[PDB]
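Asks: I'd like to ask some things about the structure below.
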Amino acid sequence: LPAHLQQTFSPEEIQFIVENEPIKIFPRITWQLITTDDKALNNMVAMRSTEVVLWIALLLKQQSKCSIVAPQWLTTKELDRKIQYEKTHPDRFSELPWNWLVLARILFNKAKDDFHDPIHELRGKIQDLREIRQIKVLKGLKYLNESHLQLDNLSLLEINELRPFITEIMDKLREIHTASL
Amino acid sequence: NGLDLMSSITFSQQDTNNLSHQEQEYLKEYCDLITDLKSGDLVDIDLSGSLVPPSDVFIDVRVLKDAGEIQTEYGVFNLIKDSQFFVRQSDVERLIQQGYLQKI
Amino acid sequence: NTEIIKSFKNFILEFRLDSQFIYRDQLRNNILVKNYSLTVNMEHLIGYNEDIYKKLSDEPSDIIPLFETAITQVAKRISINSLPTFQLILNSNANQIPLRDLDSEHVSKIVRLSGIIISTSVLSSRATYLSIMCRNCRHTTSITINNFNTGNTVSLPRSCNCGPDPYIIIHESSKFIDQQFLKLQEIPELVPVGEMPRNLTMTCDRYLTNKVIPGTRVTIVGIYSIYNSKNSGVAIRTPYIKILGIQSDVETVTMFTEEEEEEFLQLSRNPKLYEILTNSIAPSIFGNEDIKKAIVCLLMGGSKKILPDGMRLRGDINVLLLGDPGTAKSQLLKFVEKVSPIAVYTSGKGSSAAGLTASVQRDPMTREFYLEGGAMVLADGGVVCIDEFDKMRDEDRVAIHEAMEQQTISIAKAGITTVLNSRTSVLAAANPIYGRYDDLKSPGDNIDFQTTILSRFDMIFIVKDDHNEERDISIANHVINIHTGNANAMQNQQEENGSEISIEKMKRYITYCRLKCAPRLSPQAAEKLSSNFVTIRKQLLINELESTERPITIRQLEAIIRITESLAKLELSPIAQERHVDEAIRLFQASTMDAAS
Amino acid sequence: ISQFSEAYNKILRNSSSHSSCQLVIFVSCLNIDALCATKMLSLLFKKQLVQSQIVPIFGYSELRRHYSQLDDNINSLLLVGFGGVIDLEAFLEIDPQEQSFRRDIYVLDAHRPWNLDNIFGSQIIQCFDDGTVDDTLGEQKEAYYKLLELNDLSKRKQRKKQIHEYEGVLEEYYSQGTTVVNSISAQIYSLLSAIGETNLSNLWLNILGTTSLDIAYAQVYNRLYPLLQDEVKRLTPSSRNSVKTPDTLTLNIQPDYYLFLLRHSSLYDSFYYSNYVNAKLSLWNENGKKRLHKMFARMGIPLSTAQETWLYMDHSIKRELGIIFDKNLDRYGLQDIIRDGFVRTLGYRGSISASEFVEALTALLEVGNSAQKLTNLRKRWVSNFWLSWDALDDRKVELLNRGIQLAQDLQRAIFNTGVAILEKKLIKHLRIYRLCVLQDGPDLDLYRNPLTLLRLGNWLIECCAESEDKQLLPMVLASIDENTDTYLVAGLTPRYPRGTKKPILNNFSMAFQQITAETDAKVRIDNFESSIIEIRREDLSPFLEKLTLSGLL
Amino acid sequence: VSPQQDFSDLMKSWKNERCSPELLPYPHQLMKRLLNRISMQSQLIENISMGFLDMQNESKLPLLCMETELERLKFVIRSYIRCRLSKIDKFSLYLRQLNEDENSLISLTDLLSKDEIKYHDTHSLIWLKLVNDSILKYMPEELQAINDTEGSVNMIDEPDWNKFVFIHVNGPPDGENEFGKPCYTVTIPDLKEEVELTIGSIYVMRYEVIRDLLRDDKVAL
Ligand SMILES: Nc1ncnc2c1ncn2[C@@H]1O[C@H](COP(=O)(O)OP(=O)(O)OP(=O)(O)O)[C@@H](O)[C@H]1O
């Protein structure tokens, strides 16, 4: 019996989920491990790009034996066209890595060192897009009615925290109207 | 429960008499019921603990006036008051439930 | 000048103290609030830029507008009408300054200061924006007061023939704000010398207003300056000071943080939760725990029963400290005032200049009339400390007879007859006549003559100081320990460490509690008590069978009833306990003993 | 007597295990110089993810209460601060166990002389002598190789004289002032630098660790600035700002002062509670008091401005401050204040002097928290210990401010109680040495911490003698509150006014051993620190007479 | 049969699990072999690590790495099991009422793991053992029944399929339900018309109308 949350996913859970996503890195390394579902790999070439699951990358990076690739989608200069595209589209939320919130929080824990001036940089940049995305949630949130929601593009993290909000809502709405029938 | 080696509901649920005997009967019978599921796993579970997802993997815990060492399982960590360790999430999960562990 | 804006905007954005930046958070935090406000940490500000702080400190008044007009900028970014300018409050705790010293040097200098306010003016408007038109040219214009130090700073421009200044006010289109006009006084403790304490008018605007109760101990910041006014010289201007920001010691304010409830819940769980407070009230004090205990029951506030009809139970009771000097009761109430969030210490006469009667006084200008205030009003809904109650002039002493029960004062003075509400809980410390022998006398023949004064009182205490050797030497040495090396004072740390109340938190605890629970007695407690006093009512009359003169009322029992919720309120329980009641009986029994003598 | 790396490499084969490991660092004990070296090492294994115990040992014999308590699977071991004098083969015994022994012990001590049994008889050791004083120190070679294995009556009598010759020689060594060589973290950092790792934190830690004993001379440390100064040269995060940056935001060299709580206090009291300022200016008295104010009259400083926070000092008051110092302080002999010692810069959270950074950590030691009570209280010091270890953490700075403030609370009573003592003239001049005792005072519990009177005594010894002619001398001190005349007695040594020509070491510590080898009634070596001893007032009086004579120095 | 997809669908329904308002069939067909597969390597890795001590008179990276993937994946399944434990407690009356009813599909060992079904009756058993000895004594004749009155009600609940839920449409393309313009599907609510749907967009709606598609696995949640 979970008690809490328990219906919504924990942010610690969803990040625990996003850990499962594969990404390329630059190992210092040159048994097996067989593991289970990895399928990878032959002992990896030092200073070479290879796609691997996220949390394992945290491992060798935790020993600093590996160098994680920066997301191509993660370019602050590149990200402005999104906020550019976002600032000109009051409706659409544009495009998302879909895990990216936890990433940046996690990316800057350790892997921060790999990027060029991530410091004092995207954190603000990402933050602006974070709320401008978030603000557009509530602005469209006034439209909220049963039985349909066009949620479109949103980061699941905020989607998770918003879960208790609307899920508790429309059920009232759907109930009250349908009950009214 | 609570968790090793709980090793028993004894001292746990201090209410005891304060809670109605019919229920303490039920619950004490109920916890034995979930122990039946423990026969099912065979996982191993260990669902009574392991509430938090793993990380990462090692952590530093300090004893809280707890000795010890009761650490017979695996190996003895030699419980000493005012002593922080460096250990993996796995074994910590049991002692943290037993209050012998403090810091993360 | 310009573009210094973005630098704050940078600290508005560029700034992140790891792991999370603040003011940029605070803004959106205030956004949905529609708070239209920001509280700045100035001591934090220097941490960002060292230059702009003193660069701000040079002429802070001029860079005031450089903020809220800037804060809207990204706020407007985050808003994406109409959007009124936010109200910033910057603050610092670092170097506190005495009211005793204000140097003209400090003009246009921001200064954090502690203070004790005399009072504050009723709120009045200031128009942040206005539209104005030529009474002649039909020319359309608009003006704002974007910020100000009252000057008057601005007037109607005379350039529309047409003139002079044909442009005129339009209020409807104009937009407005408020000001409190606080009058603050220095802390009494220091350093008035023989001289009377200076008093100062502090300027509170918009959100600044209504934020502080009159008479409260407060810490405030703002700018020293001078306004010529007119209503001095040659060409001398009167002193005034801006308030920004005011971060006042909490409360010094019904709301509070959530985790506070929990730590109190930790206290509410304690079996000794009441008994520890028995020690907390008297760290320096030794013995008289019964009277010591009798303190707390009144501290939580009395029974308020408003259910129809309009008849309502009062609070909080009455108590008498009467006993030979060396009672330390006046010293006691001095602790009492410190313990009450709102209380008035009165040894009079009145205290200090305060009318023991809330009284009427005329407005100097424009004649008219107003309530001049009274101690009952000053402390209303709270503690009342009284000394020399026997030395009190009996005429306004009469008003006391009313103040305690009906708890509403009314005076016909001039044209204003209105009936004020007084919810205060009074306690009488007045010394008994002729020392010990009055106990050899009737219990009465002390207060005035009649005990009708006592009638309105509830728990009246007669201190018996007996010369017992061991009893004295206990507290006797206890006295020396109170002194250097303050051995007793160091004992409280371990009492603070392990259990014992800090008593300032306790005040917050009580204030928490006082507003929290509304305990209603269990039905069997009353019948336990109904069976009780009926004996006491019957028994003391058995003492009255000798025609012995001393006393009893049904109001005597009702007072006891308020003791029921008293400690029970400390328990926080929704209903009074059966067991809980009993201590009130034996405790009031100790009070009845005073009648027994 | 071995290179650190291979010794560290030696643990590597002994390191990784499941269940791990097994080795246990010993935190021993009170002195912070071990603390930095632990975390750097603590971080070292973090890099390798090496599990192990962390024990904040306090009692000198407490390790015996522990080593004799929990040792099971430990295949390897490292200790700190101890063994440089007394042997654990005697202390533990040991008992050679299985050549290719099952367990080995790294022994950390910066104090000399090393024990005779340390280097030779390599067992758990791994003698820690490397690389400081090898030396030689060729004297220990005759203490064994000559000693071992040791008409015929002539050759027999000829050997014994040679034996007594070496015994007579060996008798001097190991009987001598126990003194620290250098901050252990430095050599550990050398090993840290040996593996190639240099962390601005880690160097800061050396900067931190180096600072630990800085209150007592250097002495090598004076040349150890540059060793660190080279490092600040070895590391330049960027050529220029790059403002702030909001993160790193890193340390830089500054004109540091013996002035206390510089950034963290009003400059006025900053002189007032500064110990170096104390006796030089005779701060306790009213006479020299105004003279400092006279310096502000020289400095052109408003008295209230001295009352002002260092945060808000005018940029003029800032930039001209040292120049004001340049034009003033030298007149009073205050010219040796300014130090180029390094300062961490947290920007938004502010820059801090490691010296100042240290003192806050020092406040953690005594506060921020029958015979069982002392173990209970010593445990509280250990209980209070980790909270101080918590203060080692970087992100947690807010908690530091308590000690940051509490340190200010310390000297307030520190500067308070001592001067009170000054009025009574309680010093016993004697002949051989200056002597003092505290029979009474408020809050001796706070004085129970050795560092309390230690910072106090140092605040005293330099106060009582600047000099203050003639002949700077070791000080006597004792104090008592409860626990039946415990009377903690800590050793004290004279301070030169910036002119330590000689090591001069320690004497009484040997002399304290003279009485502990004597009737030794109620005297207690229970202190890990040789300079500090527990004594009953009842037996200390004769202990004093026994202390007065025989004087070893 | 691929272990990734073996794990993929595991988190699939598991993510759907805590997301899910009510219970779905027990996945013994896969979870068992994994429940066995966990038993294989875990024992294997345990011994090969023991064979590592033999090299002692280097790479532990993959060592605890194996242990890493072990307990982490071992964690999720408890959330899966423990959660199902909860839902059943809430439906137990209906779960019997669904069991008591001929139609349609009983829990069996299909919808419910044998441990689950055992826990079903066992918990439900002593629970009534818990109510009977406590409140029912003191058991009025009509009140003697624990079940539909009808009303209110009880349980009955909670077969509420009507509730809205978070989802993201995704399903394998032929390159079926796609009528355009962009993509599939209907929709066609009881109280509303077609919306409709897109794999490119998350649309929250009635858990009942969507049951078919989560059954199709043509929508993420
Ligand atoms: N219970 C007590 N605890 C602490 N101090 C006491 C107590 N009783 C007497 N004293 C000491 O006796 C002195 C009494 O002085 P104080 O002025 O308080 O008398 P008082 O009772 O307030 O005077 P009055 O009777 O006129 O109101 C104080 O110095 C106080 O310390």
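Just remember, in the structure tokens the first chain shown is A, the second B, etc., residues are 1-based per chain, and ligands are 1-based in the order shown.
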What residues of the protein or nucleic acid chains come within 10 Å of ligand 1 when you use only C-alpha atoms and all ligand atoms? Reply as a ChimeraX atom specification.

Replies: /C:282-289,291-292,321-334,347,386-388,429-432,435,463,465,472,475-476,478-480,482

Asks: Identify, with DSSP run on backbone atoms, the residues in stretch 34-269 of chain C assigned to helix (DSSP H, G or I), and express the list as a count of residues only.

Replies: 52

Asks: For a quick test of understanding: name the residues of chain E lying within 7 Å of chain B when counting only C-alpha atoms, and present them as a PDB file with N, CA and C atoms, in the first residue's frame.

Replies:
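Result went into out.pdb, see below:
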```
ATOM      1  N   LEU E  35      10.827 -13.184 -13.708  1.00  0.00           N
ATOM      2  CA  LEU E  35      10.867 -13.648 -12.326  1.00  0.00           C
ATOM      3  C   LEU E  35      11.780 -14.870 -12.235  1.00  0.00           C
ATOM      4  N   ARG E  72      17.637  -2.150  -9.272  1.00  0.00           N
ATOM      5  CA  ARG E  72      16.875  -1.076  -9.893  1.00  0.00           C
ATOM      6  C   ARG E  72      15.631  -1.638 -10.582  1.00  0.00           C
ATOM      7  N   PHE E  75      13.398  -3.043  -8.171  1.00  0.00           N
ATOM      8  CA  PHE E  75      12.576  -2.069  -7.460  1.00  0.00           C
ATOM      9  C   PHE E  75      11.195  -1.907  -8.087  1.00  0.00           C
ATOM     10  N   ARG E  78       8.082  -4.215  -7.478  1.00  0.00           N
ATOM     11  CA  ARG E  78       7.425  -4.092  -6.182  1.00  0.00           C
ATOM     12  C   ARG E  78       6.346  -3.019  -6.229  1.00  0.00           C
ATOM     13  N   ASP E 115      -0.629 -15.614  -6.285  1.00  0.00           N
ATOM     14  CA  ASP E 115      -0.350 -14.930  -5.028  1.00  0.00           C
ATOM     15  C   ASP E 115      -1.381 -13.826  -4.800  1.00  0.00           C
ATOM     16  N   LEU E 130     -12.777  -9.435  10.412  1.00  0.00           N
ATOM     17  CA  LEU E 130     -12.480  -8.206  11.145  1.00  0.00           C
ATOM     18  C   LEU E 130     -13.716  -7.354  11.412  1.00  0.00           C
ATOM     19  N   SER E 134     -16.235  -7.291  15.169  1.00  0.00           N
ATOM     20  CA  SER E 134     -16.229  -5.919  15.679  1.00  0.00           C
ATOM     21  C   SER E 134     -17.614  -5.274  15.715  1.00  0.00           C
TER      22      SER E 134
END
```

Asks: For residue A:109, please output as a PDB file with C-alpha atoms, in the first residue's frame all residues within 12 Å (counting only C-alpha atoms; exclusion window: fewer than 2 positions along the same chain).

Replies:
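Generated output (result_25.pdb):
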```pdb
ATOM      1  CA  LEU A  58      26.124   8.392 -14.808  1.00  0.00           C
ATOM      2  CA  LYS A  61      30.865   9.571 -15.278  1.00  0.00           C
ATOM      3  CA  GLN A  62      30.531   9.067 -11.522  1.00  0.00           C
ATOM      4  CA  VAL A 102      15.165  16.251 -15.241  1.00  0.00           C
ATOM      5  CA  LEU A 103      18.011  16.032 -17.750  1.00  0.00           C
ATOM      6  CA  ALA A 104      19.244  19.607 -17.224  1.00  0.00           C
ATOM      7  CA  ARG A 105      18.892  19.120 -13.472  1.00  0.00           C
ATOM      8  CA  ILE A 106      20.794  15.837 -13.827  1.00  0.00           C
ATOM      9  CA  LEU A 107      23.078  16.977 -16.664  1.00  0.00           C
ATOM     10  CA  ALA A 111      28.160  16.093 -16.767  1.00  0.00           C
ATOM     11  CA  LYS A 112      28.037  19.903 -16.453  1.00  0.00           C
ATOM     12  CA  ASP A 113      31.798  19.963 -17.084  1.00  0.00           C
ATOM     13  CA  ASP A 114      31.535  18.616 -20.649  1.00  0.00           C
ATOM     14  CA  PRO A 118      26.317  25.622 -19.501  1.00  0.00           C
ATOM     15  CA  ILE A 119      27.022  27.534 -16.297  1.00  0.00           C
TER      16      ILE A 119
ATOM     17  CA  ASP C  18      23.049  27.582  -6.094  1.00  0.00           C
ATOM     18  CA  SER C  19      21.111  25.729  -6.665  1.00  0.00           C
TER      19      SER C  19
END
```

Asks: Provide as a short mmCIF file (atom, residue, chain, number, x, y, z; two decimals) with C-alpha atoms, in the first residue's frame the residues of chain B at most 8 Å from chain D, counting only C-alpha atoms.

Replies:
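Output file out38.cif is given in full below:
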```
data_model
loop_
_atom_site.label_atom_id
_atom_site.label_comp_id
_atom_site.auth_asym_id
_atom_site.auth_seq_id
_atom_site.Cartn_x
_atom_site.Cartn_y
_atom_site.Cartn_z
CA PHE B 58 26.69 4.09 -2.32
CA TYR B 74 26.46 -9.92 5.02
CA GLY B 75 29.19 -8.50 7.22
CA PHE B 77 29.61 -2.84 10.02
CA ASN B 78 30.60 -2.47 13.66
CA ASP B 82 28.90 9.18 15.89
CA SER B 83 30.25 7.11 13.02
CA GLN B 84 29.39 7.85 9.39
CA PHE B 85 29.99 5.13 6.81
CA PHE B 86 30.19 4.71 3.05
CA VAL B 87 27.87 1.94 1.82
#
```

Asks: I'd like the interatomic distance between atom CA of residue E:4 and atom CA of residue A:17, to a tenth of an Å.

Replies: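 Between these atoms lies a distance of 14.2 Å.
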
Asks: When the cut-off is 10 Å and we count only C-alpha atoms, which residues of chain D are near chain E, given as a short mmCIF file (atom, residue, chain, number, x, y, z; two decimals) with N, CA and C atoms, in the first residue's frame?

Replies:
```cif
data_model
loop_
_atom_site.label_atom_id
_atom_site.label_comp_id
_atom_site.auth_asym_id
_atom_site.auth_seq_id
_atom_site.Cartn_x
_atom_site.Cartn_y
_atom_site.Cartn_z
N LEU D 12 45.24 -0.47 -2.67
CA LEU D 12 44.41 -0.71 -3.85
C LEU D 12 44.11 -2.19 -4.04
N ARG D 13 45.14 -3.03 -3.92
CA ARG D 13 44.94 -4.47 -3.98
C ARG D 13 44.16 -4.95 -2.76
N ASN D 14 44.33 -4.24 -1.65
CA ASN D 14 43.61 -4.54 -0.42
C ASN D 14 42.24 -3.87 -0.36
N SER D 16 39.09 -3.05 -2.91
CA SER D 16 37.72 -3.35 -3.33
C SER D 16 37.24 -4.74 -2.91
N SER D 17 36.11 -4.77 -2.20
CA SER D 17 35.56 -6.01 -1.67
C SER D 17 34.04 -5.95 -1.51
N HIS D 18 33.39 -7.11 -1.60
CA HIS D 18 31.97 -7.20 -1.26
C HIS D 18 31.69 -8.45 -0.44
#
```

Asks: Extract, using only C-alpha atoms, all DNA, RNA and protein residues at most 10 Å from residue B:12, discarding same-chain residues fewer than 5 positions from it, and format them as a CSV table (one decimal) with N, CA and C atoms, in the first residue's frame.

Replies:
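Output below, filename around.csv:
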```
chain,number,residue,atom,x,y,z
B,1,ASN,N,7.5,-3.4,9.0
B,1,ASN,CA,8.2,-4.6,9.1
B,1,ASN,C,9.1,-4.7,7.9
B,2,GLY,N,10.3,-4.1,8.0
B,2,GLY,CA,10.7,-3.5,9.3
B,2,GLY,C,11.9,-3.6,10.1
B,6,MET,N,12.9,-8.0,10.9
B,6,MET,CA,12.2,-6.9,11.5
B,6,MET,C,12.6,-6.6,12.9
```

Asks: Distance table requested - chain C against chain A, cut-off 12 Å, only C-alpha atoms: one row per qualifying residue with the closest atom pair and its distance in Å to one decimal, ordered by chain and rising residue number, as a Markdown table.

Replies:
```
| residue | atom | partner | partner_atom | distance |
| --- | --- | --- | --- | --- |
| C:10 | CA | A:124 | CA | 10.5 |
| C:11 | CA | A:124 | CA | 11.3 |
| C:12 | CA | A:124 | CA | 10.4 |
| C:13 | CA | A:124 | CA | 6.8 |
| C:14 | CA | A:120 | CA | 6.8 |
| C:15 | CA | A:120 | CA | 7.9 |
| C:16 | CA | A:120 | CA | 7.3 |
| C:17 | CA | A:120 | CA | 10.0 |
| C:18 | CA | A:120 | CA | 10.2 |
| C:19 | CA | A:105 | CA | 9.7 |
| C:20 | CA | A:123 | CA | 9.7 |
| C:21 | CA | A:124 | CA | 9.5 |
| C:24 | CA | A:124 | CA | 9.9 |
| C:25 | CA | A:127 | CA | 10.0 |
| C:27 | CA | A:131 | CA | 11.8 |
| C:28 | CA | A:131 | CA | 8.7 |
| C:29 | CA | A:131 | CA | 11.3 |
| C:31 | CA | A:135 | CA | 10.6 |
| C:32 | CA | A:135 | CA | 10.0 |
| C:74 | CA | A:128 | CA | 10.0 |
| C:75 | CA | A:128 | CA | 11.4 |
| C:76 | CA | A:132 | CA | 11.6 |
| C:77 | CA | A:132 | CA | 8.8 |
| C:78 | CA | A:132 | CA | 6.8 |
| C:79 | CA | A:135 | CA | 8.3 |
| C:80 | CA | A:132 | CA | 8.3 |
```

Asks: Using only C-alpha atoms, please write the residues we just selected to a file, as a PDB file, in the first residue's frame.

Replies:
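See result39.pdb below for the written result:
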```pdb
ATOM      1  CA  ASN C  10      20.503  40.735 -14.803  1.00  0.00           C
ATOM      2  CA  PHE C  11      20.371  40.038 -11.066  1.00  0.00           C
ATOM      3  CA  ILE C  12      16.675  39.573 -11.835  1.00  0.00           C
ATOM      4  CA  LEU C  13      17.744  36.839 -14.259  1.00  0.00           C
ATOM      5  CA  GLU C  14      21.538  36.360 -14.440  1.00  0.00           C
ATOM      6  CA  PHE C  15      21.663  35.764 -10.685  1.00  0.00           C
ATOM      7  CA  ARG C  16      21.476  32.243  -9.439  1.00  0.00           C
ATOM      8  CA  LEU C  17      22.663  31.349  -5.973  1.00  0.00           C
ATOM      9  CA  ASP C  18      23.049  27.582  -6.094  1.00  0.00           C
ATOM     10  CA  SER C  19      21.111  25.729  -6.665  1.00  0.00           C
ATOM     11  CA  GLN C  20      18.139  28.065  -7.139  1.00  0.00           C
ATOM     12  CA  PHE C  21      17.927  31.826  -7.685  1.00  0.00           C
ATOM     13  CA  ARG C  24      13.159  35.830 -10.321  1.00  0.00           C
ATOM     14  CA  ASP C  25      11.261  33.077  -8.491  1.00  0.00           C
ATOM     15  CA  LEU C  27       8.254  37.523  -9.060  1.00  0.00           C
ATOM     16  CA  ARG C  28       6.219  34.728 -10.654  1.00  0.00           C
ATOM     17  CA  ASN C  29       5.532  33.698  -7.077  1.00  0.00           C
ATOM     18  CA  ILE C  31       2.498  37.054 -10.163  1.00  0.00           C
ATOM     19  CA  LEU C  32      -0.455  34.711  -9.634  1.00  0.00           C
ATOM     20  CA  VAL C  74      10.445  40.804 -17.258  1.00  0.00           C
ATOM     21  CA  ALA C  75       7.307  40.478 -15.133  1.00  0.00           C
ATOM     22  CA  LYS C  76       5.572  41.861 -18.210  1.00  0.00           C
ATOM     23  CA  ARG C  77       7.601  39.260 -20.100  1.00  0.00           C
ATOM     24  CA  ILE C  78       6.137  36.700 -17.698  1.00  0.00           C
ATOM     25  CA  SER C  79       2.716  38.379 -17.882  1.00  0.00           C
ATOM     26  CA  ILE C  80       2.542  37.743 -21.634  1.00  0.00           C
TER      27      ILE C  80
END
```

Asks: Using only C-alpha atoms, what table do you get, as a Markdown table, when you list each residue of chain E with an atom no more than 6 Å from chain A, its nearest pair of atoms, and their distance in Å rounded to one decimal, rows by chain then rising number?

Replies:
```
| residue | atom | partner | partner_atom | distance |
| --- | --- | --- | --- | --- |
| E:3 | CA | A:37 | CA | 5.3 |
| E:4 | CA | A:37 | CA | 4.8 |
| E:18 | CA | A:7 | CA | 5.9 |
| E:62 | CA | A:33 | CA | 5.2 |
| E:66 | CA | A:35 | CA | 5.4 |
| E:82 | CA | A:1 | CA | 5.9 |
| E:86 | CA | A:1 | CA | 5.3 |
| E:163 | CA | A:171 | CA | 6.0 |
| E:201 | CA | A:152 | CA | 4.4 |
| E:202 | CA | A:152 | CA | 5.2 |
| E:203 | CA | A:150 | CA | 5.2 |
| E:204 | CA | A:149 | CA | 5.4 |
| E:205 | CA | A:148 | CA | 5.6 |
```

Asks: Between atom CA of residue C:54 and atom CA of residue C:106, what is the distance, to one decimal in Å?

Replies: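 Computed distance, atom CA of residue C:54 to atom CA of residue C:106, equals 14.0 Å.
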
Asks: Please report, as a Markdown table, each residue of chain D lying at most 12 Å from chain C, together with the nearest pair of atoms and the separation in Å rounded to one decimal; use only C-alpha atoms, and order rows by chain and ascending residue number.

Replies:
```
| residue | atom | partner | partner_atom | distance |
| --- | --- | --- | --- | --- |
| D:243 | CA | C:49 | CA | 10.0 |
| D:244 | CA | C:48 | CA | 8.2 |
| D:245 | CA | C:15 | CA | 9.6 |
| D:246 | CA | C:16 | CA | 6.4 |
| D:247 | CA | C:18 | CA | 7.8 |
| D:248 | CA | C:18 | CA | 10.8 |
| D:249 | CA | C:17 | CA | 10.9 |
| D:264 | CA | C:94 | CA | 10.7 |
| D:265 | CA | C:94 | CA | 10.1 |
| D:266 | CA | C:95 | CA | 9.2 |
| D:304 | CA | C:97 | CA | 9.9 |
| D:305 | CA | C:95 | CA | 10.1 |
| D:306 | CA | C:95 | CA | 11.1 |
| D:307 | CA | C:95 | CA | 8.2 |
| D:308 | CA | C:95 | CA | 6.2 |
| D:309 | CA | C:95 | CA | 6.3 |
| D:310 | CA | C:94 | CA | 9.8 |
| D:311 | CA | C:46 | CA | 7.9 |
| D:312 | CA | C:54 | CA | 8.1 |
| D:313 | CA | C:54 | CA | 9.4 |
| D:314 | CA | C:54 | CA | 7.7 |
| D:315 | CA | C:54 | CA | 8.1 |
| D:316 | CA | C:54 | CA | 10.9 |
| D:318 | CA | C:50 | CA | 11.2 |
| D:345 | CA | C:47 | CA | 10.7 |
| D:346 | CA | C:47 | CA | 8.8 |
| D:347 | CA | C:47 | CA | 5.9 |
| D:348 | CA | C:47 | CA | 4.0 |
| D:349 | CA | C:47 | CA | 6.1 |
| D:350 | CA | C:47 | CA | 6.1 |
| D:351 | CA | C:47 | CA | 9.3 |
| D:368 | CA | C:497 | CA | 11.0 |
| D:369 | CA | C:497 | CA | 9.4 |
| D:394 | CA | C:18 | CA | 11.0 |
| D:395 | CA | C:18 | CA | 8.1 |
| D:396 | CA | C:18 | CA | 10.8 |
| D:397 | CA | C:18 | CA | 11.3 |
| D:413 | CA | C:485 | CA | 11.6 |
| D:417 | CA | C:485 | CA | 10.9 |
| D:440 | CA | C:485 | CA | 10.5 |
| D:441 | CA | C:485 | CA | 7.6 |
| D:442 | CA | C:485 | CA | 5.3 |
| D:443 | CA | C:490 | CA | 8.0 |
| D:444 | CA | C:485 | CA | 10.9 |
| D:445 | CA | C:490 | CA | 10.6 |
| D:446 | CA | C:490 | CA | 11.2 |
| D:481 | CA | C:487 | CA | 11.8 |
```

Asks: Would you kindly return, as a VMD selection string, each protein, DNA or RNA residue with an atom no farther than 7 Å from any atom of residue A:68, considering only C-alpha atoms and excluding same-chain residues fewer than 6 positions away?

Replies: chain A and resid 24 to 26 57 111

Asks: Residues within 8 Å of residue C:298, please, as a ChimeraX atom specification. Count only C-alpha atoms; anything in the same chain fewer than 4 positions from it doesn't count.

Replies: /C:294,302,316-317,425,563,566

Asks: Within 7 Å of residue C:521, counting only C-alpha atoms, which residues show up once you throw out same-chain ones fewer than 4 positions away? Write them as an NGL selection string, please.

Replies: :C and (525 or 575-576)

Asks: Any idea what the distance is between atom CA of residue D:337 and atom CA of residue D:276?

Replies: 8.4 Å

Asks: DSSP on the backbone: what in stretch 9-119 of chain A comes out strand (DSSP E or B), as a list in words?

Replies: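 Filtering stretch 9-119 of chain A to strand (DSSP E or B) leaves residues 22, 23, 24, 25, 50, 51, 52, 53 and 68 of chain A.
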